[PDB]
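# Structure assessment
Here are the chains, one letter per residue:
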Amino acid sequence: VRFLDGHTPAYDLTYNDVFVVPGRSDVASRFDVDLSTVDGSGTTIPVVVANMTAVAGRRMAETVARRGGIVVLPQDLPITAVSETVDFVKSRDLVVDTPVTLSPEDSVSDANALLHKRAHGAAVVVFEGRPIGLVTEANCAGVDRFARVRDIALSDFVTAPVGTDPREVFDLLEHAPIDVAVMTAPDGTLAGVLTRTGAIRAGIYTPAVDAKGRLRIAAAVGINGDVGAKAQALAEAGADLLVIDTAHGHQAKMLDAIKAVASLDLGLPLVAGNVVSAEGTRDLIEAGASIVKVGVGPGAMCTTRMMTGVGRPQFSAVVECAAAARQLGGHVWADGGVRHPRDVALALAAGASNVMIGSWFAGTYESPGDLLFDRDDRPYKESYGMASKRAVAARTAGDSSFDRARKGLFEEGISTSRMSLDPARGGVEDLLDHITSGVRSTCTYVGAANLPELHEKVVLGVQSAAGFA
Amino acid sequence: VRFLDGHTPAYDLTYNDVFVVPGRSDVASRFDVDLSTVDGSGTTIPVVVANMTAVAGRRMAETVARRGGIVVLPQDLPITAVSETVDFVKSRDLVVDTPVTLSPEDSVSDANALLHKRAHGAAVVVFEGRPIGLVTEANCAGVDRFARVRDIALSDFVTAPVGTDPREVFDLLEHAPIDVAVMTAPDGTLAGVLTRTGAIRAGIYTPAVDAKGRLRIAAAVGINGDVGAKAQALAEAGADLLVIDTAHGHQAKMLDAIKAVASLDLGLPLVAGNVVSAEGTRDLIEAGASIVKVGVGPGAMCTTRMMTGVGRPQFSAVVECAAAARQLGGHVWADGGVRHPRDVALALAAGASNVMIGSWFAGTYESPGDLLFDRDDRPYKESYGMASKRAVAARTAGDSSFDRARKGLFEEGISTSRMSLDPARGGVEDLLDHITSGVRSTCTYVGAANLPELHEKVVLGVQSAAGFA
Amino acid sequence: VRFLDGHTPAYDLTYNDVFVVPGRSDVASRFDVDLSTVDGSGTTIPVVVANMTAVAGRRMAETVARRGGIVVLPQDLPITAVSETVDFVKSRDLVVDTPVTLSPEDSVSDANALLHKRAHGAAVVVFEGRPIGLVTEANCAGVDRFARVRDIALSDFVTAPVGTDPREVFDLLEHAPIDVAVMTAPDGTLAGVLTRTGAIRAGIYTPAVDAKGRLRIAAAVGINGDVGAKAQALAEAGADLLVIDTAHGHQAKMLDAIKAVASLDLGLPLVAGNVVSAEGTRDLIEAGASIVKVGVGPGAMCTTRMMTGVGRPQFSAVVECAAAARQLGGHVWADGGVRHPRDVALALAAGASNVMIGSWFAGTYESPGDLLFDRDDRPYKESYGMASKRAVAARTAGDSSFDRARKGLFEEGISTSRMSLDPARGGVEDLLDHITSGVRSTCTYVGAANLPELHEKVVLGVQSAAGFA
Amino acid sequence: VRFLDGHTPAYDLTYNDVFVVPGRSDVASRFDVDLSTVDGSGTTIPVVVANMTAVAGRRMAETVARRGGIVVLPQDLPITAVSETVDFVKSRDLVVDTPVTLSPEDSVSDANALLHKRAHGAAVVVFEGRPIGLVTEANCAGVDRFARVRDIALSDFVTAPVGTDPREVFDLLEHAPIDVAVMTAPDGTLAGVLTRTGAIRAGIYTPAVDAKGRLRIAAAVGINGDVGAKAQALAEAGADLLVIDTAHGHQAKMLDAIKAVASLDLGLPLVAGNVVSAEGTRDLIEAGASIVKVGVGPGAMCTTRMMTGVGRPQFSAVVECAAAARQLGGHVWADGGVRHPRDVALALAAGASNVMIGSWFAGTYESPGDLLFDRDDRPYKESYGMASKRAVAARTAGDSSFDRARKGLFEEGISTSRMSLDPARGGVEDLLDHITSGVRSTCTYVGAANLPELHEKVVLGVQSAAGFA
Amino acid sequence: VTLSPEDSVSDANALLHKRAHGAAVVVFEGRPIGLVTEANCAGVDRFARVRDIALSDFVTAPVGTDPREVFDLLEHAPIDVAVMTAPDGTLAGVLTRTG
């Protein structure tokens, strides 16, 4: 990377220590920028969803795969659940989105619960495969809590066959009172739904698909037990990406696990982490890892850097890891704490081929967590509220209570961090547009048409903390 | 610029990183300093009003032109409105200020609304061109809301002919209960008003006037469409300054627009921006721009530097741009975030020939925004409250709803930043005195009689952030 | 110590200026790390309790000695009290913990007061040496305040003989409603109590014992009076460690006191402080001190560095003192302000053989201070609330009121700092597990099996303050 | 000054950027340090009271002169008032303090008002020069507001002749219910009062006296008008020190004024300021100033550095000014914002021969401002509440209202900063003990017996702002 | 309120509020030693042994004294407690002006 003249600080840099100086640009608009990655993951956007139980949902996988990203499945899920999720994701359409389907004679409370599970805002009633109506907001208000679905249905939905150009689907929704376009198969059976914003996003973005034309998906495996058996099972299940993660990637056990997984020669790219040093990245690449995960305790006041003194600023660590990996022909992923598109832009400018997003996506409708309201009716979701139960479901490993208590005494209980729902960006698609707009604006300011060009021509500067007063 | 010995930091400097060391001075008082600019704009003060709809008003233009500054009109206004504003500004007196005029039989609520539109605090009642009385504060309290103006008038106003020496106008107002001096034409018709502070400011300051002896005014044009046609229309309308602005000035489209405007050879100075690099300033000057606008995302936590990683500290960028421009014979304008006179003083010391003030002037009586009170009756004005509507009035460009939504999805909605009215500095004239006093004190501390001398003899030092604890 | 390439700052470093870069590791888990010290103190953990009256209690000594640490007794205590405390500590069991014993016919209010004096949460009723029942929480609620103990007893406690393997003691407590395991002597007399967490900690940790198989303990002596007589009295009383402390250790009076104590040749290791300079450490070691105490005004806003300008950042001072002492064959102790395990980890990485904890342990049940509740019933303890009285009990020295007032006028009154009880870590054992887990995680991240290896292979980096925004 | 190895920052240092590293010390206690200055002012302590109307009172002059300091009188006072104050100060005793005297038949409300004017807490009733009783706190509570003084008197005061050794005066007050010792002349007339703390302070401190054995005092003069005439009048009035102050000392007008004052050759030392540059200090010394005043806008958020960008960190400016002045044989005074003894200690270590205290002393009983209570009865005093009236009493200069308004429009109104009374340090003597204790502790930590030795052997280090998190 | 020596100061504070006298007498071998009054336990160590903050400045008179003179002796006393003792010097009771 290139810095300004004389900008040689005596310390490691964070995302608050660096800034991008505008250069000569010929990019006309944001749409003239290609965001496709070159790390071999097949994603058209640098957005990756973290493999935690509170974010990595089935709807998360489907939506992110359709929008061009990828989602890594939690490593504690059973093989049957991962296989079912992979089959469901690879059984989705590349344009239309799967709506919320309500069978007749169901409880209206279940309909209300399912209504908030997606950002469409309308749940379709289906009988014999045929749409009957759309339940929207305020339809359950005042109505009897024991309603049988088929009592408040509103059969005024626009219906069109699948394969219609989304321009005309947008045109039919210009004066519609409900922004839902039901897409049906030629035989009249229900197939999916569309929206004005959804149609525009389908026309702008490009879904990340495999060689079979199906949505891509990723999975993670633990570092304990027979790693080869789990890797083989996930490869047979249809996983397109394997991630072996742990708190400290630069250890002998991870090297042995990487060697064991690479010995099978499954042909799929492998992601390992996390390390924040050039030596660790080189060792991980030599062990057989194609993608190195970067970021260990990036925050100066995070739980990791408060429990221990171990850590490193994210920017310098990512820069060093990318510099070490590019020579060896590898790639690095930023796995820090991302809360603004600025972090993603700076990570991409540093040389990272992908940026992973963690808790930020937990506060969305499509997340597997349930929506609940505060005293002021503030929509929010309990981050890590149920992740501890999934962690201890596999942490027990059939050991006795004495061993479990001995392990858990030293273990620190992760607190339940409330994450408020943003009313203007409730769905993950709004956050995706936000982040992609930030990245595209960064490229236009720099003057690059693609991510390698952005990394090539980026020029950075250093600023002091006195500007934060 | 000259720095202290050994003060060579490894980073770019902001306004919080630099300080002025006092030197040998022979300036007796603040009044012995000339603040006239040499950039060709004709302003006697380095204060420039930003071209946003929430600040660039007609009263703003009149008051700032009378006090020696200049105001740039918004680029989204229609040609008829800009022509009317220019004619009204060039039809004003060089000494007296235009009062609030109330016709008889009008609603008292309209009188109350018009009362707060200017800092005079008294609205004159005019009939057949003759003043009848002055409505002041608390005159509408308790009185019927359907009053017909001519029911609470107070005909106890001091009246003098236009052309009276303001010293005697001040003398007549020594014991007057209302600080309003009605200035009338020799035929007895109403001409304007004066105040003690207004008379003193008229005797101290010098209005910025053109060759015809009329108040100066500036206008802005967008970068889209036929820039030459708009430039010709504004030149024919009587504009004295043209400003072509955009988020990123260092682009090919701005170079083409500058070449197109310069091809007309209208003879007026041209302002373009914004760039924060020497190469950008040189390219803009070569393209045909006489004045270069400086400052792109100056804050470390601003919306621009949070959306993207693009930006630069204002002080270093201004220094570099001024150093590049002075060789080429050009001039630079500071277009950052100004909230204190210290920013203006440091920008002038860096080498900038003019300092532009943005949202700070939005919280004044003369601003086009309407005054409203909080629960504690705090006077405040909604910054950018109505600027979005004016932006989208021209952003539509006759395109269909699909194109407008496609553009606006990536666009980030600017929030409405409340700006509280300062009770002691409600009028823009008080802020003008504040800023001019700060600049004059800076010159006296440095020991310079004019801005070029201030830039010549200024010596700067660098301080750490530990002083901000 | 080894730093990263180019990381040569022009300032001293604190604990917020440094970070540990992960290296190649072969440590399987946290349990594969040995925390035994090599400073000659005999402690299996680097945790040392400060010698202040509000922390250095009898229960503190017993618990910390059983968990592998050591406690330094206050220097103002009379010789009889120190002898009694030493005998009581050396009369304790290496596995079981001494419970709260209630004699019959006592007041229930006394039982409630004694209940919160230890973290067991149940006070055993003993008559003729035989347990009768356990008083637990909410047993005193609503019951008459004049109860005679033997009216609300709950005789449903699991009883086992002393010497039972704690694995089976854990097994018997799997379904018990009260987590208390009464351990009794073979003759049926009461001997102690155990808990699930206590049994696990006894199986993990290793008590620090002397050559006689009894718990170790430390004591402190002042710098005034006949230091040799006090040292001889404490050595005869059974003290295993002598600490001579003062505000400024690098003074001639401390050198004379060290020479006087070393002239007796008691054979015990001696601790002296505090100094933050290599010259001071060398002088203290030459004078006859085997262990040097480090840290004088470590905080930038502490009372010492606000009263005066004297001080030094803890990290650089500890590094320099350790570098000076290791050549001379000595050892250094970190005696700064420790509030997180990160501080202990960084002090150990710097080269310190032991880390002393001060006010942090004051907010625990086992501390000698009494528990009191705020308006919100927040459990808290008044730090330094009664330490002033103990200081002035010996400060009077039989001098007249004039001399006492003359001394105390210049003396600054230490304020009573409230320290809230952490509900999840009320007992000192929870804090001990927290700190040991942090240190073990640090070693696993570095890749070391013991503290000397951790100091040998540690690689550090420097970060700026902009990451704290 | 000497810094640590490698501590060469690229910025100017404030009081938060530096720290004192302890050195080898042989000073037994705080009392073994001499605080006498060598600047020729004759003060035994480095404490100087600023010349503002809200601090520089008559009681301030008397108390500070008795405790060994000096007070500079405001420059706006008339010559008669300054002469009366000087005569009253030079008519005081070197040991006893002047009590609050109440004549008979006075109002009790006046007695209550006068009670809080001094820190004694008891007002003596005097008739024919003989004490009758002492009015103390709560004596006016419930008593009639129209009491005639001689109705609630408490004639139980200890009386001793003047010249008694304060040791025995302390002894008589051991069991007295009121800590007041009335000192009377041999003829029985009232002469003064004493207190236990006052007697101890008289035995510790040394009053600053002239060649006639009378308390010293200082005065200030403005830079406008005939400076020589005012200097001659103040010299004839008995002033021991002349201070010519202004916002910017490094100006030609101050050079001319200094030359004019030095032409008279009054023989008294002259103080001038303020400058923060070596060139300014050299010019001021060459012009005829023996003492240079240092400090112009020291704070990073002060009113001076918010109005303008002019300023400099205090520490670096003081260091440079002292280095420039010592060669020329001059001396420098720190005139920044002092709120802690740390500032005074660091200024003395930098090389300053005296430290001036400003608003900190405004919040005391002896200050000329009146005591008033908040809603919570918090004792506080309005700083700069009445200083504006005294400033405009001489600012008018007989000019017309037009000129006064023209000057005051640009002038910024200083706000009234409430200063709460510290209950434990209400009197200025408590603050004096606090500051002297801080300075003596600094010297003991450094290991110096006097201020020149402290400046000689001081070794400083630099710390970052990350320690302030 | 009678306090034996070597007792806890917390017990003394609890017993202080058990009666309206406001002062608890310290008794040893039947002889008064001092009176513990309000604010005597504030700031003092919670493990005080009674005989560390005693204030031996109590007015003492034999039982049977006319209460008019007992009132007279308490006119300027700082503590409104009049210790009434038996002729042999043993503690018998207390009195107050209002009492």
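One can find the structure itself at the top, above this paragraph.
When chain B is fitted onto chain D, the two copies agree to an RMSD of 0.0 Å after a turn of 89° and an axial shift of 0.9 Å. The symmetry that links the two subunits is that of a four-fold axis. Identified as the residue of chain B closest to the rotation axis by C-alpha distance is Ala465(B), at 4.7 Å. A share of only 4% of the interface residues of chain B reappears at the interface of chain D, consistent with the copies meeting through non-equivalent patches.

Here we come to the sheet that holds strand 5 (residues 100-102) of chain B. Residue and element names in this part refer to chain B. Read from one edge to the other, the open sheet built from 3 strands follows the order 5-6-7, with strand pairing classed as mixed. In this open sheet, the two strands that pair with only one neighbour each are strand 5 and strand 7 (130-135). Taken over all neighbouring pairs, the strand axes of this sheet differ in orientation by 35° on average, direction set aside. As defined by bridge partners, strand 5 adjoins strand 6 (residues 123-127) across 3 bridges and the pair is classed as parallel. Residue pairing in the sheet places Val-100 in a bridge with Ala-123 of strand 6.

All right, on to empty space enclosed by the protein then. Applying the stated criterion across every chain yields a total of 11 cavities of 30 Å³ or more. Space inside the largest cavity adds up to approximately 60 Å³. Lining the largest cavity we find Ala300(A), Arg305(A), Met306(A), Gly309(A), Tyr15(C), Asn16(C), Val18(C), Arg342(C), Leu346(C), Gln463(C) and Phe468(C). Sorting the residues of the lining of the largest cavity by element identifies helix 9 (303-307) of chain A together with helix 11 (341-350) of chain C as the ones contributing at least two each.

What follows covers the interface of chain B and chain D. The partner chain D presents 39 residues to the 47 residues of chain B that form the contact. Overall, the association of chain B and chain D removes approximately 3,900 Å² of surface from exposure, summing both partners, and the carbon and sulfur fraction of that is 65%. Where chain B meets chain D, there are 1 salt bridge. When the shortest N-O distance is used, the salt bridge between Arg24(B) and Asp283(D) registers 3.3 Å. Taken together, the links from chain B to chain D amount to 18 residue pairs in polar contact. For the side of chain B that touches chain D, the element with the highest residue contribution is helix 14 (residues 428-446) of chain B, accounting for 10 residues. Class assignment of the residues belonging to the side of chain B that touches chain D gives a composition of 22 nonpolar, 15 polar and 10 charged.

Now for the environment of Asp39(C). Residues and elements named next belong to chain C. Checked against the element boundaries, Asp-39 lands in the loop between strand 2 (18-20) and strand 3 (47-49). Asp-39 sits in the buried class, given a relative accessible area of 7%. Between the alpha carbons of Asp-39 and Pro-379 there is a distance of 37 Å; along the sequence they are 340 residues apart. Beyond its immediate stretch of four places on either side in the chain, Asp-39 contacts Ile-291, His-331, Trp-333, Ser-353 and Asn-354. Here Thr-37 takes part through its side chain, which lies 2.9 Å from a polar atom of the side chain of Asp-39.

This part is about the interface of chain A and chain C. Opposite the 39 residues of chain A that make contact, chain C presents 48 residues. Interface area, chain A with chain C, both sides summed: about 3,800 Å², of which 65% is carbon and sulfur. Interface area lost by chain A to chain C is led by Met307(A), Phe402(A) and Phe410(A), which between them contribute 19%. Scanning the region where chain A abuts chain C turns up 1 salt bridge. Here chain A and chain C share 18 residue pairs in polar contact between them. The leading source of residues in the side of chain A that touches chain C is helix 13 (residues 401-410) of chain A, at 7 residues. Among the residues forming the side of chain A that touches chain C, the class breakdown is 18 nonpolar, 11 polar and 10 charged.

With that out of the way, let us pick up the packing of helix 1 (residues 58-66) of chain D against helix 2 (residues 79-89) of chain D. Packed helix pairs are characterised by how far apart their axes lie and by the angle those axes make with each other. All names here are of chain D. Remark: helix 1 packs on helix 2, axes separated minimally by 10 Å, with the N-to-C direction vectors making an angle of 35°. At the point where helix 1 passes helix 2, the crossing takes the right-handed sense. Every residue of helix 2 that contacts helix 1 at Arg-58, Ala-61 and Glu-62 is listed here: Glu-84, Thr-85, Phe-88 and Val-89. Here the contact of helix 1 with helix 2 is composed, by residue class, of 3 nonpolar, 1 polar and 3 charged.

Our focus in this paragraph is the pattern of salt bridges. It is possible for side chains bearing opposite charge to pair when their charged atoms get close. With the rule as written, the count across this model stands at 98 salt bridges over all chains. Of the charged contacts, one joins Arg66(B) and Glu62(B) as a salt bridge, the two residues approaching to 3.0 Å between their closest N and O atoms. Placement of the pair is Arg66(B) and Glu62(B) together in helix 1 (residues 58-66), with a separation of 4 residues, close to one helical turn. In this structure, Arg342(B) and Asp343(B) form a salt bridge, with 3.0 Å as the shortest nitrogen-oxygen distance. Note on accessibility: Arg342(B) and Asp343(B) belong to one class, buried. Each of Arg67(A), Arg201(A), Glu429(A), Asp430(A) and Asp433(A) takes part in salt bridges that share partners, so that together they form one network.

Attention now moves to the arrangement of the chains. Across the gap from chain A to chain E, with no contact made, the nearest C-alpha atoms are 35 Å apart. The two units chain D and chain E are non-contacting; their minimal C-alpha-C-alpha distance is 11 Å.

Both trends apply: most residues other than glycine have a negative phi, and most peptide bonds are in trans. Of note, the amide linkage connecting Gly273(A) to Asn274(A) takes the cis form, showing an omega dihedral of 0°. Despite not being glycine, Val149(C) has its phi angle at roughly 65°, a positive value. Within the secondary structure layout, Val149(C) lies in the loop between strand 7 (130-135) and strand 8 (158-161). Despite not being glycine, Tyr384(C) has its phi angle at roughly 60°, a positive value. Following the sequence through the fold, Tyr384(C) ends up in the loop between strand 18 (379-383) and helix 12 (387-395). Of the residues examined, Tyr384(C) reaches a relative accessible area of 35% and is grouped as partly exposed.

The next thing to look at is the sheet that holds strand 8 (residues 158-161) of chain A. Residues and elements named next belong to chain A. Spatially, the 3 strands line up as an open sheet ordered 8-9-10, and their pairing is mixed. Every other strand in the sheet has two partners, leaving strand 8 and strand 10 (190-194) as the edge strands with one partner each. With direction set aside, neighbouring strand axes in the sheet form an average angle of 30°. Where strand 9 (residues 181-184) and strand 10 come together, 4 bridges link them in antiparallel fashion. Looking at strand 10, one finds that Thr-184 is bridged to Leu-190.

Let us look at the side chain of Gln251(D). Within the secondary structure, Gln251(D) is located in the loop between strand 12 (242-244) and helix 7 (252-264). Apart from the residues within four sequence positions on either side, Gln251(D) is in contact with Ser25(B), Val27(B), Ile223(D) and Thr246(D).

Inspection of the entire model under this criterion finds 14 aromatic pairs over all chains. Residues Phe402(A) and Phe170(C) carry aromatic rings whose centres are separated by 5.4 Å and whose planes lie at 80° to one another, so their mutual orientation is edge-to-face. Separated into two different chains, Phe402(A) in helix 13 and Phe170(C) in helix 4 (residues 166-172) make up a pair that spans both. The pair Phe402(A) / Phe170(C) is uniform in exposure class, with both members buried. Taken together, a centroid distance of 6.0 Å and an interplanar angle of 50° make the contact between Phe410(A) and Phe31(C) tilted. Note that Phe410(A) is positioned in helix 13 and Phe31(C) in the loop between strand 2 and strand 3, a pairing that runs across two chains. A connected cluster of aromatic rings, assembled from ring pairs, spans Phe410(A), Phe31(C) and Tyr205(C). One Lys or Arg, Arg196(A), reaches over the ring of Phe170(A) and ends 4.2 Å from the middle of that ring. The aromatic ring of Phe31(B) is capped on one face by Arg406(D), whose charged end is 4.0 Å from the ring centroid.

Each regular strand shows side chains that alternate between the opposite faces of the sheet. Bridge analysis of strand 5 (residues 82-85) of chain E against strand 6 (residues 91-95) of chain E gives 4 bridges, and the strand direction is antiparallel. Directly across from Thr85(E), in strand 6 of chain E, lies its bridge partner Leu91(E).

Rules behind the numbers
- Residues numbered from 1 in each chain as written, not as in the entry; some residues may be left out.
- Chains lettered and ligands numbered in written order.
- Part of a larger assembly, values for the part shown.
- Heavy atoms only, no water.
- Least-squares fit on C-alpha atoms.
- Contact = heavy atoms within 4.5 Å.
- Pairing = 2+ DSSP bridges.
- Helix = DSSP H or I, 4+ residues; strand = E, 2+ residues; numbered from the N terminus.
- Axes fitted to C-alpha atoms, helices over the stretch in contact; angles between N-to-C directions.
- 1 Å grid on protein atoms, 1.4 Å probe; cavity = no way out; pocket = protein on both sides within 12 Å on 5 of 7 lines; lining within 4 Å.
- Points joined across faces, edges and corners; volume = space filled by probe spheres on them.
- Buried area = accessible area lost by both parts, 1.4 Å probe.
- Salt bridge = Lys/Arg side-chain N within 4 Å of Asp/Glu carboxyl O.
- Polar contact = N/O pair within 3.5 Å; in protein donor to acceptor, adjacent residues only side chain to side chain.
- Nonpolar A, V, L, I, M, F, W, Y, C, P; charged D, E, K, R; others polar.
- Buried < 20%, exposed > 50% of the residue type's maximum accessible area, 1.4 Å probe, protein only.
- Left-handed = near helix turned anticlockwise from the far one by under 90°.
- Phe/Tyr/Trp six-rings, centres within 6.5 Å; stacked < 30°, edge-to-face > 60°.
- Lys NZ or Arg CZ within 6 Å of the ring centre and 35° of its normal.

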